[PDB]
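J.: what shape does this take:
(chains A, B and C)
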Amino acid sequence: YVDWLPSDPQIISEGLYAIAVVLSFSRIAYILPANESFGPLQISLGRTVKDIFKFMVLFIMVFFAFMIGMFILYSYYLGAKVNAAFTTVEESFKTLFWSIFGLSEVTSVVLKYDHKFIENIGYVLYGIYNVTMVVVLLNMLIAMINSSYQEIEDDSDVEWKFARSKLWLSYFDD
Amino acid sequence: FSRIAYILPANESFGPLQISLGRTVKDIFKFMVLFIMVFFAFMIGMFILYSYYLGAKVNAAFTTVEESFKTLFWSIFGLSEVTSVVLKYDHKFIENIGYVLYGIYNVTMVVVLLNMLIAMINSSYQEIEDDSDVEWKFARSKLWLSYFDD
Amino acid sequence: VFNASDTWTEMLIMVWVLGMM
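T.: Residues are numbered from 1 along each chain as shown, chains lettered A, B, ... in the order given. Structure as follows:
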């Protein structure tokens, strides 16, 4: 006609483009099992995913349980902690997710108002969450996966053969 | 200094150690190939996402391919920080996209691949038993058999 | 990947994904 915005469709386009790229690069699993030394790998991968689904459901149960209490504890401290920690639900999700890997810091519990009682309550709660959730759930997962393995043996070749059969059987008709 | 493995298996209490070490290396080769497949898949997407932010992040993060390799390698051990995702321009949407992507990479790759590796190594162990002495004897036999002729 | 690092490529990718769909 002649002669940088807050919510522009260009940035949304780029952001969805990134997820589409990662999904298409992950879509290579179709042409993976046709090879020899790679089938059983994929098959056991799928098996362990289907197994750990339920452990994921229980872990998110306990995650929700701890995170609601942690958001209620520091609900009335807006600008009182050391870091921007335990102020809103989004931030609680952030810290409780990124602490599972040792990437979050303990200094996310220290305060600026004295209130030593609430400070100890928070230290105790954060520690007990850490120990219980992380340790017990990990050891349960690994012991139960070795359980689910030790009962089924010698048919991994069979399962890989079945998968590969479906794979190059789907190429015949049309 | 790593070349000392030639004169290691001649001793008694050290042969089977070396033999199982080689066995597990040969086994984890394929897991390494699959892990670098998924690494490449995530890293290309992560370099495309923040390709148009030169000087907008907190740290010198996700700007070039070399830096993407750096962060995605050093995060496998918990040595990289989460603050390598925060921005300076507001664009909250892209910020959440990056947090989500980095987290899902972390969980999926690290956890599932590690548990697959260990469960499959205990699998490959539980089927073969009592012949570790045999394999150590074969290795030691090659070792001090190569000293006879010339 | 070629389109990633530094109009035709855009339309080619679009045609490819349309073929997939």
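J.: now the helices for the chain?
T.: Since no chain was named, I'll use chain A. A:9-26, A:39-73, A:89-98, A:116-129, A:137-150, A:156-169 (DSSP state H).
J.: not what I meant, chain C
T.: Assigned by DSSP H, the helices in chain C fall at C:8-20.
J.: which residue lies farthest from the center of it?
T.: residue C:6 (14.5 Å; Cα atoms, centre = their mean).
J.: separation between that one and chain A?
T.: Distance, residue C:6 to chain A, using Cβ to the nearest Cβ, to the nearest Å: 16 Å. Heads up, the C-betas are built off the backbone N, CA and C, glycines and all.
J.: chain B versus that residue, what's the distance?
T.: On the measure of Cβ to the nearest Cβ, residue C:6 and chain B end up 9 Å apart.
J.: would you mind listing what in chain C touches chain B?
T.: C:1, C:4 (Cβ under 8 Å from any Cβ of the partner chain).
J.: give me the most central residue, chain C.
T.: Central residue of chain C (Cα atoms, centre = their mean): residue C:13, at 1.6 Å.
J.: from what I see, that residue and residue C:3 are in contact.
T.: Yes: counting by Cβ atoms under 8 Å, residue C:13 touches residue C:3, with 6.5 Å between them.
J.: now do the phi/psi pair for the residue of chain C found nearest chain B.
T.: In chain C, the residue that lies nearest chain B is residue C:4 (5.2 Å; Cβ to the nearest Cβ). Backbone torsions of residue C:4, given as degrees, to the nearest 10, read phi -60, psi -70.
J.: how far away is it from residue A:52?
T.: 33 Å (Cβ to Cβ, to the nearest Å).
J.: who's more crowded, these two?
T.: It is residue A:52, of residue C:4 and residue A:52, that has more neighbours when counted by other Cβ atoms under 10 Å in any protein chain shown, with 17 against 14.
J.: that one - nearest residue in space that isn't next to it in sequence?
T.: Excluding the flanking residues, the one nearest residue A:52 by Cβ to Cβ, 6 or more residues apart in numbering or on different chains is residue A:141, at 6.5 Å.
J.: got the contact list for the residue in chain A positioned nearest to chain C?
T.: Closest contact between chain A and chain C, by Cβ to the nearest Cβ, is at residue A:21 (8.1 Å). Applying Cβ atoms under 8 Å, 6 or more residues apart in numbering or on different chains to residue A:21 gives the contacts B:44-45, B:48.
J.: would you format those as TSV with distance to residue C:19 included?
T.: As requested, the contacts of residue A:21 are arranged in TSV below (distance: Cβ to Cβ, whole Å):
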residue	distance to residue C:19
B:44	22
B:45	22
B:48	22
